[PDB]
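Undergrad: Sharing a structure, written as structure tokens. Questions coming.
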Number of protein chains: 2
Amino acid sequence: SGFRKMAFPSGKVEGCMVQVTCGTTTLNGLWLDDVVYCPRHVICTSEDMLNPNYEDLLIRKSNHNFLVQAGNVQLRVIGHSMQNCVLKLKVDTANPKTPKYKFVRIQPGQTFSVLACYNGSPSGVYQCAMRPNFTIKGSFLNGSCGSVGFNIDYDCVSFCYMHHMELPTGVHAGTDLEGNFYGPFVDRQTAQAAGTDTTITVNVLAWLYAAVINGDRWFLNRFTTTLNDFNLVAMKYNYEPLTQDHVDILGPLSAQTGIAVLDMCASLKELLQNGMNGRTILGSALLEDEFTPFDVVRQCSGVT
Amino acid sequence: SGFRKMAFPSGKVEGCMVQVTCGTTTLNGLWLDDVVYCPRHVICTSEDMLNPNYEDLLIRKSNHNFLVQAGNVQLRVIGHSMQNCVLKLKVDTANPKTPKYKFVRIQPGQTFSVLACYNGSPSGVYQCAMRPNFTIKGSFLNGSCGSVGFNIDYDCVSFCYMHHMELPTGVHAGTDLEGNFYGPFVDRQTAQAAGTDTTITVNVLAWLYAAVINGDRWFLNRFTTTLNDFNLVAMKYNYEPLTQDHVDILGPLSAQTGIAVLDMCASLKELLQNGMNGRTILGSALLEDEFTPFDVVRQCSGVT
Ligand SMILES: *[C@@]1(O)C(=O)Nc2ccc(S(N)(=O)=O)cc21
Ligand SMILES: *[C@@]1(O)C(=O)Nc2ccc(S(N)(=O)=O)cc21
């Protein structure tokens, strides 16, 4: 009973967090095996950030200029290299707390947990979605760069995000663990446009299935629709178009509840066209889109 | 930038989770030093739960009947005892991952993180508030009993909650770590009334301060009010009455934003009397009450 915006247990990621200092700049790093990963803008002063030439700035740096501290012990840097927007600092000791892990590039609409860190120390954990426009609506202050996003499958941590930027619009931008930004963002303190964001339709429907499973049924109606009819309403309300792939992923939830995916689409169409009328669904007064169909099944079945 | 319902990093608590089996019943336990804490209803069959005589049921049990497994290793039980609604199973080995800890009984309106577990394994972490009526609106399935709520102050974990019950209304009930239930609940599968719940006024105001800090200012008005006038509106909308103690706790937030607490009360009064008019505050379409004044300061300053 109950449905919550749940993050993964963060323990395996906490044991990987280190502090990285270069000159006067400090941010977070991720220590896996004998490599520490961090945003390359650790080599910049706030002055350099307006238009940085990263290749030129890194050339002024040597292994001894990167101070890596794990808790209270110092790591010895024996190599440094830039890969896209991350620096990989080779250390002489493998992290004894390195969990089984993968680096993955998530798709927009997919979710992950963020372990917000400051000075190498974890402050908190929350669940995010990578927006269709490749931004994240996180909680990041100065010094949070290097904090990572991840998913956990039994004992394997798939790292998917590293925080780099707080855009002037208040949204957050970052890279995968190979240093490639999600979206058109660059690691430069300049005005950068995030595209028009849309609501993740498959996640809203998955969340409506979670509401039915937990008792919130008031929104269910006597109507059905077609993918084409629904997509006309989706277009009007800036929802991602629903595809047969999305319908297929909702299969298990449709099977467990006995509610056809297109009947749930008609309930969503009525909610979009008429609002909530002052009511709530799972304690929320808007349509939640940060739970994937996989999150709902996992939470509703109790997968550990 | 950004404000999220953030949970504490759960690592220190993950290292304390064990599985406890007694007969055919399995739930979670908390291993701290050489003691494993779990709900006493682990000794019941679902049949016993309708009207259990715990003293009589425990007498049929011996140390060898309690199977405690931490990950994959077995703990040797050398003592058992019931304290209120918890069982304390003395084990022969102190948990090497026991963090610095305290047992605390939280007040209603205060918040904490829950590490939802099944069969001794962590599945997720989320932030809760202890409702004014002493229930929690969590996410708990069968097998989640023994999962704990906690707060962390630097390196000290203060355990405040242990999950015991899923009430027929879909809300959750549990105890502190001494086994005393929060509220009038008993560990019996019977119809139990949760009192009338109220909204935690001081937390809503603290959340309104968090919205001002992050840019959401539309709700601010040209009005002020008095504690007596505000409490008349609070009464009408089932909000907890605001006291000078609550105003005092909002002091630091009032100082950082330059918005007098009673001016923020008048904005809240207007939101209560007029609704949101289809707008949002911090991505929410209702008034959030699960952030204390301490949570807001901690998140907005980046305390680790
Ligand atoms: C990031 O939060 C950090 O730790 N340091 C830093 C410096 C500059 C930016 S910004 N203004 O977004 O370019 C972000 C971070
Ligand atoms: C609790 O979730 C658990 O793990 N086992 C158990 C048994 C009975 C209840 S109930 N129906 O709430 O009394 C809760 C739990």
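Bear in mind that the values in this text are calculations on the coordinates, not laboratory data. Positions of Cβ are generated from backbone atoms using ideal geometry, with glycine treated the same way; all protein chains shown enter the neighbour counts.
Undergrad: What are the label-to-label distances in nm, one decimal and shortest first, from A:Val186 to the same spot in the other copies, with labels 7 Å along Cα to Cβ?
TA: The answer, with the shortest distance listed first, is 7.1 nm.
Undergrad: Among the listed pairs B:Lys102/B:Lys269; A:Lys137/B:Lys102; A:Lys102/B:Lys5; A:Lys97/B:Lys61; A:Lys5/B:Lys97; A:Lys88/B:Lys5, which have their C-alpha atoms separated by more than 30 angstrom in this model?
TA: The answer is B:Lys102/B:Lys269; A:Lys137/B:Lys102; A:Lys97/B:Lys61; A:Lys88/B:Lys5.
Undergrad: For A:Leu232, place a label point 7 Å out from Cα along the Cα→Cβ vector, do the same in each other copy, and report the separations in nm, one decimal, smallest first.
TA: From this label point to the equivalent ones elsewhere in the assembly: 5.2 nm.
Undergrad: Given N residues in the protein assembly as shown, what is its alpha carbon radius of gyration divided by 2.2 N^0.38 Å?
TA: Relative to the rule-of-thumb radius for its length, the protein assembly as shown sits at 0.99.
Undergrad: At 1.306 mPa s and 10 °C, plugging the Kirkwood radius over alpha-carbon pairs of chain B into Stokes-Einstein gives what diffusion coefficient in µm²/s?
TA: The diffusion coefficient I find is 77 µm²/s.
Undergrad: Any idea what angle helix A:227-236 forms with the longest principal axis of chain A, computed on alpha-carbon atoms, 0 to 90 degrees, nearest 10?
TA: 60
Undergrad: Continuing with the same structure: Summing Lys, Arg as +1 and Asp, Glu as -1, what charge do residues with Cβ under 10 Å from the Cβ of B:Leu57 carry, B:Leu57 excluded?
TA: Cβ neighbours under 10 Å give a net charge of 0.
Undergrad: Calculate, in nm to one decimal, what A:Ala191 and A:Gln244 gain on full extension: separation in residues at 0.36 nm each, minus their alpha carbon distance.
TA: Between A:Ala191 and A:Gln244, full extension yields 15.3 nm more.
Undergrad: Evaluate E = 1/(1 + (r/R0)^6) for B:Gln83 and A:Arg60, where r is the Cβ-Cβ distance and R0 equals 41 Å; express this FRET efficiency to the nearest 0.05.
TA: 0.05
Undergrad: Using only the alpha-carbon atoms, how far is helix A:261-274 inclined from the longest principal axis of chain A? Give it as 0 to 90 degrees, nearest 10.
TA: For A:261-274 against chain A, the angle is about 90 degrees.
Undergrad: Each residue of the stretch B:97-102 in order: what ³J(HN,Hα) in whole Hz does its phi give by Karplus 6.51 cos²θ - 1.76 cosθ + 1.60, θ = phi - 60°, with x for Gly and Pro?
TA: So the J values, rounded to whole Hz, are 9, 5, x, 5, 8, 9.
Undergrad: Could you tell me the distance between the Cα centroids of the stretch A:43-82 and the stretch B:195-216, to the nearest Å?
TA: Using only Cα atoms, the two centres lie 41 Å from each other.
Undergrad: While we're on this one: Over all directions, average the projected area of the Cα convex hull of the stretch A:143-287 and note it in nm².
TA: Result: a mean projected hull area of 11.5 nm².
Undergrad: Full extension from A:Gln74 to A:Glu270: what is 0.36 nm times the residue separation minus their Cα-Cα distance, to one decimal in nm?
TA: 64.7 nm
Undergrad: Any idea what angle helix B:201-213 forms with the longest principal axis of chain B, computed on alpha-carbon atoms, 0 to 90 degrees, nearest 10?
TA: Value to nearest ten degrees: 60.
Undergrad: Another question, then. Provide the percentage of antiparallel DSSP beta bridges, counting only those with both residues in chain B; round to the nearest 5.
TA: Percent antiparallel among DSSP bridges in chain B is about 90.
Undergrad: Given a Förster radius of 41 Å and the C-beta distance between A:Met49 and B:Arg279 as r, what FRET efficiency does 1/(1 + (r/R0)^6) yield to the nearest 0.05?
TA: The formula returns an efficiency of 0.75 here.
Undergrad: With springs connecting C-alpha atoms under 10 Å apart, model chain B as a Gaussian network and identify which of B:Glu288, B:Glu55, B:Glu14 has the largest mean-square fluctuation.
TA: With Cα springs under 10 Å in chain B, the top fluctuation among B:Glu288, B:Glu55, B:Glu14 is at B:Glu55.
Undergrad: Ranked by Cβ crowding within 10 angstrom, fewest neighbours first, how are B:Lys102, A:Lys236, B:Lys137 ordered?
TA: Listing B:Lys102, A:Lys236, B:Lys137 from fewest to most nearby Cβ atoms yields A:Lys236, B:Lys102, B:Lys137.
Undergrad: Please state the relative contact order of chain B as a whole percent: Cα pairs under 8 Å, 6+ residues apart?
TA: 17
Undergrad: Averaged over B:7-18, how many beta carbons belonging to a partner chain fall within 10 Å of each residue's beta carbon?
TA: Per residue, the number of nearby Cβ atoms from other chains is 5 on average.
Undergrad: Over the Cα atoms of the stretch B:65-133, what is the Rg over Rh ratio if Rh follows Kirkwood?
TA: Using only Cα positions, Rg/Rh for the stretch B:65-133 is 1.01.
Undergrad: Follow-up. Could you run the Karplus curve 6.51 cos²θ - 1.76 cosθ + 1.60 with θ = phi - 60° over the stretch A:109-125 and give me ³J(HN,Hα) per residue in whole Hz, x for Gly and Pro?
TA: Couplings: x, 6, 10, 6, 8, 10, 9, 5, 10, 9, 6, x, 9, x, 9, x, 9 Hz.
Undergrad: Once the other residues with Cβ under 10 Å from the Cβ of B:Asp155 are scored (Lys, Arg +1; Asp, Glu -1), what is the net sum?
TA: Within the 10 Å Cβ shell, the charges total +1.
Undergrad: At most 12 other Cβ atoms within 10 Å plus a DSSP loop assignment makes a site exposed; report the longest stretch of chain B without any exposed chymotrypsin sites (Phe, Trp or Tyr not before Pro).
TA: No qualifying site falls inside B:1-153, the longest such stretch.
Undergrad: With the crude spin-label approximation of a point 7 Å out along Cα→Cβ, what separation in nm comes out for A:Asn133 versus B:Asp92?
TA: The modelled label-to-label distance comes out at 6.3 nm.
Undergrad: Around B:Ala116, under 14 Å between beta carbons, what's the net of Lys plus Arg minus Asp minus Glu among the other residues?
TA: That sum, taken over residues with Cβ under 14 Å, equals +1.
Undergrad: Based on alpha-carbon centroids, what's the gap between the stretch B:84-115 and the stretch B:128-161 in Å, whole number please?
TA: Cα centroid to Cα centroid, the span is 10 Å.
Undergrad: Here is a follow-up. Which value at 222 nm does the protein assembly as shown reach when only helices count, each DSSP H run of 4 or more adding -39,500 (n - 2.57), with the total divided by all residues and rounded to the nearest 500 deg cm²/dmol?
TA: The helix-only estimate for the protein assembly as shown comes to -6500 deg cm²/dmol at 222 nm.
Undergrad: What is the diffusion coefficient of the stretch B:15-99 in µm²/s, taking the Kirkwood radius over Cα pairs and the Stokes-Einstein relation at 25 °C with a viscosity of 0.890 mPa s?
TA: Here the translational diffusion coefficient equals 192 µm²/s.
Undergrad: Next up: Copy-to-copy spacing for B:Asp197, label 7 Å out on the Cα-to-C-beta vector, in nm, shortest first?
TA: 2.7
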